[PDB]
Amino acid sequence: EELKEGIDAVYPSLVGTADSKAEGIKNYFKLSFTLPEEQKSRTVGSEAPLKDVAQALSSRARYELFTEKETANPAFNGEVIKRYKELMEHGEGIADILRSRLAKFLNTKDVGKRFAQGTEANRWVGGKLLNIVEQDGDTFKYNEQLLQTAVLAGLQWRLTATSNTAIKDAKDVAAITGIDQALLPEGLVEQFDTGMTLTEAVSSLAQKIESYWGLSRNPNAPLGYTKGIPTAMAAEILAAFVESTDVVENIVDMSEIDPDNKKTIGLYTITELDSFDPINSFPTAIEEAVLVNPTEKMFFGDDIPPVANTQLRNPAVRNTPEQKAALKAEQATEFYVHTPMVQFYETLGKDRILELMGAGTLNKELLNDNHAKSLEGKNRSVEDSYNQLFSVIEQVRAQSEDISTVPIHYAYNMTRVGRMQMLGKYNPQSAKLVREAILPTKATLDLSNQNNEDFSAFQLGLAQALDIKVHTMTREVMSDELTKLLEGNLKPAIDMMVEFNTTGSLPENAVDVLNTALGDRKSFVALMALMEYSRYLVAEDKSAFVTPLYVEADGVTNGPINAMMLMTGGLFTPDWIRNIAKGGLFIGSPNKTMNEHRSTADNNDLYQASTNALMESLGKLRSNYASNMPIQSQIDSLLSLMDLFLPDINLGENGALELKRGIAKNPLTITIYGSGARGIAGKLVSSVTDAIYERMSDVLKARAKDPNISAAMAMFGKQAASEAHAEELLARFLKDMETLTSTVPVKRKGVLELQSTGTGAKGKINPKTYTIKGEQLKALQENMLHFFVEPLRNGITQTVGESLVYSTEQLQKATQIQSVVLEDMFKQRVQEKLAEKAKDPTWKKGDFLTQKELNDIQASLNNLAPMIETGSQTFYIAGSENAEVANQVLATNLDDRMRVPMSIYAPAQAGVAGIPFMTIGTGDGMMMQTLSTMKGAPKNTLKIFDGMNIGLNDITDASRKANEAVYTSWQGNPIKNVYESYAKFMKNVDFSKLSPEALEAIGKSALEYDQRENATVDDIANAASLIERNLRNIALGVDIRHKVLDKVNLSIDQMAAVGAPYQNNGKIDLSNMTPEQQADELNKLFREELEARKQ
DNA sequence: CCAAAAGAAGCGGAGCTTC
Ligand SMILES: Nc1nc2c(ncn2[C@@H]2O[C@H](COP(=O)(O)OP(=O)(O)OP(=O)(O)O)[C@@H](O)[C@H]2O)c(=O)[nH]1
Ligand SMILES: Nc1nc2c(ncn2[C@@H]2O[C@H](COP(=O)(O)OP(=O)(O)OP(=O)(O)O)[C@@H](O)[C@H]2O)c(=O)[nH]1
Ligand SMILES: O=P([O-])(O)O
Ligand SMILES: [Mg+2]
C-alpha cells in the first residue's frame, strides 16, 4: 500500500490533502487514482504532454523513438505529419479555451475565493475539476500534465468518435425522445442517428481521457470521483469543442413534435474533415503514441488482435474457453483488398455510387418533404461507407506496393446474445460496400471448361449475387437461369465491364447501363458478380482464374426454425414435421437437400406458410361479420390501400387476395421474440406511408415534366393501363384514406365495433407538404391492428405451434421474475449502504459507493443465479447500465450545463429479452461458435450471424460443416439452462423482502389479471414455483425429443445454397413414411424413453 | 421484440422546478 507516496510524487502540487479524514480541502484525484504496476500511458510524468507528443509526431524517427519501437506505420508520411502539426496547434487552442473557462468559473460568484477560504467546491457536481488544479497566487490553474493529456484524448476522440458510434434505429430514438415508436416523425430517426446524445458523447470522451491519464482506480474510492473527475473533464472538453466549432450542439424541442412532450434533448455532431484530408489515411497516430497498448488501430500482416476476456459491455460475464477459441479463430482470418472492385468504386466515383446505390442528387421541389428526409438518410449511409472504405484503402496502400497482398485482421467480441460481432461500423461484416472490397475468400479456379465443378461453383456464386434464389432450385436449373440472365438483360452491363477490365474506363452513362440491366437485382454484391464474370471473360489463363467471389451458406428462416427445434417440448405432430422440413430438417430422406425440397416437395417456406394461414384467418374474421357492411367495407379499404402501395399484397380483378412471404417475415420472427401486435401494426403502417410519400414525389416529378396532366395520371399512370383505370385507382386511394382515418375498430367484449375518430383526413392534397399526422397515423394503426395483424398472429401460432408459444411464454416469465428480484435486491442493498454512509463524516451526498462496495453487492446476488450457463456459453439477461440506481448527476461542465447522469452497472428488468437472448444465443450464436472451433473448421470465411461467406473452392465441405454445426446446436436445451438458473433462484429468493414495486411486477408475470389485485406474498411465491415446475417439464420434453431424433435418419440442410446436407446417420430408418407415420413412430420412441426415466 | 444507455437549465452548491 505504497500507492499514496507514488501518486503524490507525480502530482505534489494539486490542491488539498490526500486524506479522506482530513478537515480542510481534500484532493479526490489523488484519493481516487493510483499508479499502475506496468506503464499504460507514455504521457505519465510529462511536464508538457502536448509539447512532447507534438515533437513525437514531428518526424518518423522521433515517433519511433518516443514509442520505443523500431519502425512506425508507413502511412505516417510527410503529408500526414504536416496535418498532425496543424492538429497539435489546434490542441493548444482547445487547452487555451479550457484555461479561460476555468478562470471564468473561479471568478463567477466568488467561487475561487470561497474555495481558497475552505468551501469544499471540489465535491460539487460542477467543481470536481478543482481536484486537478494547483494554487497560483491569489487564484488557481490546471495541472498541465492532466490538462494537456486530456486534450490529446479530446483530439483522438474528435478524429475517430463518429466511426465508433452505435447505430440508432426507431426503437433507440423512441427511448431517447419519449415519443412512441409508431408516431415518430419522418427524418427524426435520421436527425438522431447522425448525432450523439450528451451521455453518448461524454461517456466515450471520458473513457478516452481516463485511458490517456493512464492511472488505475482505487477500489476503495467513491465512484463520484473515480468516474466523476474524467467525466467532468470530458464535459469541459465537449464545451470547448462547441466553442471551437469542432462539435455542433443542437437542442431538439420535443414539443414541436408532440405538444405534451416537455423534453429538450441535446444532439452533438462532430464537424467532418474533408474525405481527402491526409489525416484520414492514418487517424490514430496520437492513440498509438500515447498508449502502450492502443485500442484504436488497424491490424496488418502478422499483427493480430488480442482475445477479449469479457462479453461486450458486460464486465461481469467472462467469455468461456469455447467462446475465446472462436474469437481467436475469427481474428486469425486474413482479409485482402480486391483491387478491381476498389478501382471500379474509384472510377464510378462517390457521386455516381450515390446515384446508383443511394438517391443521387436531390432537388427539394420535386420531392415530398417526408420522402426527401428518407432519401437523405439513404445517401448518408452510402457516403459514410464509401469515405470509410477509401480511408482504409489509403492506409493499406502505404503498407506495400501491391495492396492485394497486405493481410488485414479484425477484432471481434462476443455480444450479450452470443454473436461474434466484428468491431467497428464500416467493416466487411457490417457494411455491404466494404464487404465487396475487403474479403477473406479466395480461390484459384479451373474455368477453362464450363462442365467443371469449378465453373459450377463459379455459377452458384454469380447466381446468388444476382438475386437468383439458389437454395430453391438445383444447381443444374440454377445454371440455366444464370446463363439466360447473363446472355439477356445483363449483357450490356457485362460488355461495359469487359471494356473496363480492358481500358480502365467507364462511359458517361455507366449508372444508366447498370440501373437498366440489374433492375431490382441491384446491390453491391451484384456489382461484384458483373465485375468477376467480366474479369473471367478477358482472363488470359482461364485454367487458373483467381477470384474472391463467394457463396453464402445462409440460414433458412433461421431464428424461428431454431426456436421450433430448440424449445418445442411435447410429443411430435405431423404439422411440426412438415413445418420443420421447410427449414431443412428432413426425416427419412437420405441426402435430401433444400434445393430438392423446394423444387419437388414443398415450395412454401415458413413465412409463406404463415401467410397462407393469415389468408385463412382473414376469411374467418370476414365471416363473423358478413352481415356488417360497415365492417366489411373497413376491411376492404385496409386491403385496398395495402394493395395500392405494397409489393407483397395483391388483389385480382375479381377480388382474389394474394400474399407473398415478405409481409410475414418480420412479424413472425419478432412475435416469437415477444413483440406486441401494436408494434407490428405501426411498422406495417410505416411501410405503407413511406410508399405514399414516395408516390407523392412521383407526382411532382410528373407535374414538372407535364403541367397539363391529371392527378390520376400523375399518381397512378405507371400503375394502371388506361386513364380511366388510373382514375379508379385514385378514387380508391381517397376513399381508403378517408375511411381509415375517420373510423377505427375497437374491441368491445370480444366483438369488433367501429368508432368515429372525429379527426378524419380531408382537403386538397399538396404533394410537397403532404404528411399523415399522429392522430391519423393512430387510426391507420388501429385498422391495421384488428383487420390484418391480429389475423396474422393467429396464423403465426398455427405455423410455429402452440407448444413453442407456451415454451417462450414460460421462458419470458421465469427470466422476467428473476430479473425483477435481482434489480430490486441490488437497489435495496445499495440503499442500505447509503444509509450507512450517511453516518460517515468523510462521506458526502453525491459521492456514491466504492467499486468494492458495488462488487460486494453484485456478488451477494450470486445465490439467485443471475447467470445462465450452457456449458459453452454464458448469458446474463438482467445485466444493464442505467441511471436509476444512483439517481443523481455525476458531473456538469463549468457553465452548470451538460449534466451527465450517474450510470451504474446493475441488473434491470428483462421484459421479453429472455426469448431472443436464448434463441439467438443457442441458435445461430452456438452454430457459428461451433463452426469456428469444430474439428476441420472452415477457413477463410466471413461469418455474418446466420450465414457464412465461403470461397468457391470450399463450398461443399464448408456447407456440410455448417449443417453439422446446426445439428450440434440442436442438441442444446435453453429451457433446461433457464430452468437450472431459476431452480437455484427459487430456493434462495425471499419474496417478503421485495418492495411493493417489485412485488407488483412479478404479479404481472406470475399471475392472471384478476389476481394482481389483493395478491399476498405467499400467493406470488406459490405462482413463481409453478413456473419452475413448468420449465422442468418442458426441459424434460426437449431432452427426450432431441435423443429420439438422433436415433432416426436425418438430413440437415438449414444452411442452404450449395446442396451439401449433413447426415446424422441415425440407424432407425423412417423412409417411405408419411409425416403422420413418422410422428407415430417418434412418439413410440418418446414413450419408450419416458418409461426409461421411470426406471 | 433483441443485439448499449440516452432532457435541459436557474438557482445554489442538492434537487426542485418550469418548459
Ligand atoms: N430480435 C430480432 N431478430 C432478428 C430480426 N431480424 C432478423 N433477426 C434475427 O436474425 C436471423 C436471420 O435474419 P435473416 O437472415 O434476415 O432472416 P431469416 O429469419 O433467416 O429469413 P430468410 O433468410 O429470409 O429465410 C433471424 O431469424 C432472427 O433470429 C429482428 O428484427 N429482431
Ligand atoms: N438480432 C437481430 N439481428 C439482425 C437484425 N437485422 C439483421 N440481423 C442479422 O444481421 C445480418 C445482417 O447481414 P446483412 O447481409 O448486412 O443484411 P442486413 O443488414 O440485415 O440488410 P438486408 O440485406 O436488408 O437483410 C442478417 O442476416 C441477420 O442475421 C435485427 O434487427 N436484430
Ligand atoms: O439466394 P439464397 O437462396 O442463398 O438466399
Ligand atoms: Mg437467413
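Numbering of residues starts from 1 on every chain and follows the order in which that chain's sequence is written, so it may differ from the entry's own numbering; residues lacking coordinates are left out. As they are written, the chains are lettered A onward and the ligands numbered 1 onward, keeping that order. The basis for the side-chain values is all heavy atoms of the structure; hydrogens and waters are excluded.

## Side note on the packing of helix 33 (residues 802-837) against helix 39 (residues 1017-1046)
The following threshold applies: Interaxial angles span 0 to 180 degrees and are taken between N-to-C directions of axes, which are lines fitted to C-alpha atoms, for helices over the stretch in contact. Helix and strand definitions here come from DSSP, where helices need a minimum of 4 consecutive H or I residues and strands a minimum of 2 consecutive E residues; each element is numbered from the N-terminal end. Under this scheme an angle from 65 to 115 degrees is roughly perpendicular, one under 35 degrees roughly parallel, and one over 145 degrees roughly antiparallel; angles in between are oblique. For a crossing to be left-handed, the near helix must be turned anticlockwise from the far one by less than a right angle; the clockwise case is right-handed. Two residues qualify as a contact provided that any one of their heavy atoms is within 4.5 Å of a heavy atom in the partner residue. Think of it as three bins: nonpolar holds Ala, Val, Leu, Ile, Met, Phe, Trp, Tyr, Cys and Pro, charged holds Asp, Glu, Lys and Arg, and polar takes everything else, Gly as well.
Direction vectors running N to C along helix 33 and helix 39 enclose 135°, while the axes themselves pass 10 Å from each other. Comparing the axis directions of helix 33 and helix 39 gives the class oblique. By crossing handedness, the relation of helix 33 to helix 39 is classed as left-handed. Across from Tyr-806, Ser-807, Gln-810, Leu-811, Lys-813, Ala-814 and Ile-817 in helix 33, the residues of helix 39 making contact are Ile-1027, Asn-1030, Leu-1031 and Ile-1034. Looking at the contact of helix 33 with helix 39 residue by residue, the class counts come to seven nonpolar, three polar and one charged.

## Description of the UniProt feature "binding site: Mg(2+)" in chain A
We count it as follows: UniProt positions are given in the numbering used here, feature names are shortened, and annotations may be inferred rather than shown by experiment.
As recorded in UniProt, the sites labelled "binding site: Mg(2+)" are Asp-554 and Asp-946. The named residues occupy 393 residues along the chain; their greatest pairwise C-alpha distance, 6.3 Å, places them in one compact cluster. Mapped onto the secondary structure, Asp-554 falls in strand 17 (residues 550-555). Once you skip the residues sitting within four places of it in the chain, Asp-554 turns out to touch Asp-946, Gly-947, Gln-1054, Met-1055 and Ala-1056. Mapped onto the elements, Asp-946 comes out in the loop between strand 29 (942-943) and strand 30 (947-951).

## Describing the sheet that holds strand 30
Put simply, the rule is: In this scheme, strands are said to pair when DSSP sees at least two bridges between them.
Read across the open sheet, the four strands follow the order 29-30-17-32; overall the sheet is antiparallel. Looking at which strands have only one partner, the edges of the open sheet turn out to be strand 29 and strand 32 (1055-1056).

## Structural notes on the nonpolar core
One broad trend across soluble globular proteins is that nonpolar side chains are buried collectively. Quick note on the threshold: Take the buried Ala, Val, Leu, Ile, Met, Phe, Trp, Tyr and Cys residues and link them wherever side-chain atoms come within 4.5 Å; each set so joined is a nonpolar core. The buried label goes to any residue with under 20% of its type's maximum accessible area, the exposed label to any with over 50%, and the partly exposed label to all in between, with areas taken from a 1.4 Å probe on protein chains only.
Formed by 246 residues in total, the largest nonpolar core has its most connected members in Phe-344, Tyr-345, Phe-458, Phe-848 and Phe-991. By residue number, the principal contributor to this core is helix 29 (residues 677-705), which donates 12 residues. Excluding its chain neighbours within four sequence positions, the residues that come into contact with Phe-344 are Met-497, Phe-500, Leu-506, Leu-514, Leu-527 and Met-531. Judged by nonpolar contacts, the second largest core, of 82 residues, contains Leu-106, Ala-121, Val-133 and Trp-157.

## Considering the site of ligand 2
Rules: Here a residue counts as near a molecule or strand whenever at least one of its heavy atoms sits within 4 Å of it. Pairs of N or O atoms are called polar contacts if they sit within 3.5 Å, as long as, within protein, a hydrogen donor faces a hydrogen acceptor (for residues adjacent in sequence, only side-chain-to-side-chain pairs). Computed with a 1.4 Å probe, the accessible areas rest on the Shrake-Rupley method; for each residue, only the protein chains presented here act as cover.
As a structural note, the neighbourhood of ligand 2 is formed by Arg-419, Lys-432, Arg-435, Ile-920, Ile-944, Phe-945 and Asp-946. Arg-419 is positioned with one of its side-chain polar atoms (N or O) 2.9 Å from a nitrogen atom of ligand 2. Between ligand 2 and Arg-435, the relevant distance is 3.0 Å, taken from an oxygen atom to a side-chain nitrogen or oxygen of the residue. For ligand 2, the accessible surface in isolation is 620 Å², of which the surrounding protein chains cover 37%. A per-class count over the shell around ligand 2 returns three nonpolar, no polar and four charged.

## Describing the site of ligand 1
Lining the immediate surroundings of ligand 1 are 15 residues, of which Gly-559, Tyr-607, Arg-661, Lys-665 and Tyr-673 lie closest. Between ligand 1 and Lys-665 there is a distance of 2.5 Å, counted from an oxygen atom to a side-chain nitrogen or oxygen. Compared with its free state, where it exposes 610 Å², ligand 1 has 69% of that area covered by protein. Put simply, the parts of the chain that give the shell around ligand 1 at least two residues each are strand 17, helix 23 (558-567) and helix 28 (665-672). In terms of residue count, helix 28 provides more of the shell around ligand 1 than any other element does, four residues in total. Broken down by class, the residue content of the shell around ligand 1 amounts to four nonpolar, six polar and five charged.

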